[PDB]
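Student: Residue numbers (the entry's author numbering), protein chains in the order written: chain A, 2 to 127; chain A', 2 to 127. A prime marks a further copy of an entry chain.
We treat Cβ as the ideally placed atom computed from N, Cα and C, and that holds for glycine.
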Ligand SMILES: [Mg+2]
Ligand SMILES: [Mg+2]
């Protein structure tokens, strides 16, 4: 499973890339919404997407990517109010996990969404 | 979209049934895990599942239903610690929302999972 990490915090993306690679995932990193849209293709199984970023924020990135891709999206951001969470889900995200987050919960939420994607893929191939 | 509500709190299930029917859903209620397994068939689009219940708890209900059904499951329970959340996701739930919860976030999470189910169904039919 290939994960596209989108966040301008280079300390967080380096830490998450190491954590997720140790959990068996292939991780690629984008540091803004424009770079995310450049790297998004059919090889991506899931996006971890921040909101506040320079060049193109995560809400605009989510709206743009949903015009061409149904790729699973988890918002992962310091914008964690109940209003922010509903906004992210309604604009096309599958899940929304505020920062600070628990590493184990993030890994379990990634695994839960990819388990459902795999079930859909098995049925489609059959 | 047809929702199976599983919780022993009759005050909560009556309130949620009214809320969800006003949001356009068809809602059926089970008050324990045994009744949930009796009511679970291919017509159910999503389960809202509690943990602490008499006769059969939600963790055992989730394990049993995952042997025959890939139906989307959201755990909705007062067992809200980070450890409880990871446990629920790892045992087969798609999402996990602790009580007390925000009504709008619950509705958005239901809508997000059913939006993904609809995308899978469209592809499968094509
Ligand atoms: Mg940021
Ligand atoms: Mg209960």
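#1: Once you ignore the five residues that flank residue 114 (chain A') on each side, which residues in its own chain have a CB closer than 8 Å to its CB?
#2: Run through chain A' and tell me which residues come within less than 7 Å of residue 12 (chain A), C-beta to C-beta.
#3: Quick one: is the Cβ of residue 76 (chain A') within less than 7 Å of any heavy atom of ligand 2?
#4: For residue 93 (chain A), collect the residues of the same chain with a Cβ closer than 6 Å to its Cβ; drop the 5 residues on either side in sequence, then sort them by chain order.
#5: Could you compute how far the alpha carbon of residue 25 (chain A) sits from the alpha carbon of residue 89 (chain A)?
#6: Alpha carbon to alpha carbon, how far is residue 3 (chain A) from residue 15 (chain A)? Give it in angstroms, no decimals.
#7: Determine whether the Cβ of residue 103 (chain A) lies closer than 8 Å to any Cβ atom of chain A'.
#8: I'd like to confirm something about residue 8 (chain A'): is its beta-carbon nearer than 7 Å to some heavy atom of ligand 2, or not?
#9: Mind checking who residue 62 (chain A') pairs with in its DSSP beta bridge?
#10: Are there 16 or more other CB atoms within 10 angstroms of the CB of residue 79 (chain A), so buried, or fewer, so exposed?
#11: Taking CB distances under 8 Å as the criterion, tell me whether residue 91 (chain A) reaches chain A'.
#12: Quick check: is the beta carbon of residue 67 (chain A) nearer than 8 Å to any beta carbon in chain A'?
#13: At the 8 Å Cβ level, is residue 94 (chain A) part of the contact set with chain A', yes or no?
#14: Is there a C-beta anywhere in chain A that falls below 8 Å from the one on residue 83 (chain A')?
Tutor: Once the coordinates are examined:
#1: Here the set comprises 47, 73, 75, 95 and 96.
#2: Within chain A', no C-beta atom comes less than 7 Å from the C-beta of residue 12 (chain A); the nearest is roughly 22 Å away.
#3: Not one heavy atom of ligand 2 falls within 7 Å of the beta-carbon of residue 76 (chain A').
#4: If we look at residue 93 (chain A) and ignore the five residues flanking it on each side, its Cβ neighbours are 63 and 67.
#5: Linking residue 25 (chain A) to residue 89 (chain A) through their CA atoms gives a straight-line distance of about 27 Å.
#6: Put simply, the backbone Cα of residue 15 (chain A) is about 16 Å away from that of residue 3 (chain A).
#7: Closer than 8 Å: yes.
#8: Residue 8 (chain A'): yes, Cβ under 7 Å from ligand 2.
#9: Answer by DSSP bridge pairing: none, since residue 62 (chain A') is not bridged.
#10: Its Cβ having fewer than 16 others within 10 Å, residue 79 (chain A) is exposed.
#11: Chain A' contact via Cβ: present.
#12: Interface residue (Cβ-Cβ distance to chain A' less than 8 Å): residue 67 (chain A) is not classified as such.
#13: Residue 94 (chain A) counts as touching chain A'.
#14: The C-beta of residue 83 (chain A') comes closer than 8 Å to at least one C-beta of chain A.
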